[PDB]
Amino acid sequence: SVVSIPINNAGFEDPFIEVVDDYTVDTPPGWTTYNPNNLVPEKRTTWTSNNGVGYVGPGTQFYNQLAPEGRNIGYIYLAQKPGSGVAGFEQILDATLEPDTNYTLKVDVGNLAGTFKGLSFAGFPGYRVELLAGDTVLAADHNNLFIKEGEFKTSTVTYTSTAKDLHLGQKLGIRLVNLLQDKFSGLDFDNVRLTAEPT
C-alpha cells in the first residue's frame, strides 16, 4: 500500500568521511544549494556560509548520539546576521504529484552542541522542511519541533492530493531550510524519507 519515493543521497552518506567530526564544505552530491538570498558563495571556506556533510560517529563532540542514520548528516551554516534570509538544500525528484495520494515527508533535524576551537554552538537558527510540486510549496513544517542541544528530532510534513489538484504531474521536490532566526546559525539534517499511499 505505502510506497517509498526514491531520493538521492537521502542520508547524506555520500561522500564517505573517515575521521569522526570531520566534514566537507561543498554541496552534498545529489542535492542542490537552496540559495534564494544568495547567502552561500559558490566558493566556500570554514569562515563563509557553507553546507556539506559531517561524520557524526563514535564519540562525536557535537551530539549526545550518533547520526540518526549511517555515518553522516548534512549541515547548513550561515555566517550572516540573523534575519539576513534563508538557505539550505533542495532536491527535485523524478516522481510527480499523483491524485488521491497521501504524501509523508520525514526528516531528522539536529541542534549542534558544545564548544569547539573556542566557538560556542549553543542556540539554534530554526528550520523549515518543505514538500514541493514544481516550485509550489505544498506543505511545510516551519520550526514546530523543540530540539534540545545535542539531539535530533523527526519533522513530519504531510500533503493529501485530491482528484483535481492544479499541480498534478509536476515533479515533487524537497527543501531543507536554515531559517537563520538566531545563532549559533548552523542546522543539521539526516534520513530524508518520502512515502506515497493511495487514499
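Definition used throughout: the rigid core is the maximal C-alpha set that superposes within 1.5 Å between two forms. Start at 1 and count along the sequence shown; that's the residue number.
Taking the root mean square of CA deviations in 4 other deposited structures of this protein after fitting on the rigid core, 54-62 and 153-161 differ, and the farther of the two is 54-62. Core superposition of the other structures onto this form places the C-alphas of 111-119 farther off in 4 other deposited structures of this protein than those of the other stretch among 97-105 and 111-119. For the pair 45-53 and 141-149, the mean B factor over Cα atoms is greater in 45-53.
Mean C-alpha B-factor is higher over 112-120 than over the other stretch, the pair under comparison being 82-90 and 112-120. In this PDB entry, the Cα temperature factor of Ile7 sits in the bottom third of its chain's modelled residues, the lowest group.
In the deposited entry, the Cα temperature factor of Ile17 sits in the middle third of values across the chain's modelled residues. Ranked by Cα temperature factor within the chain, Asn64 sits in the highest third according to the deposited record. When the CA B factors of the chain's modelled residues are split into thirds, the value for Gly70 lands in the lowest one. Remark: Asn38 belongs to the highest third of its chain, ranked by C-alpha B-factor as recorded.
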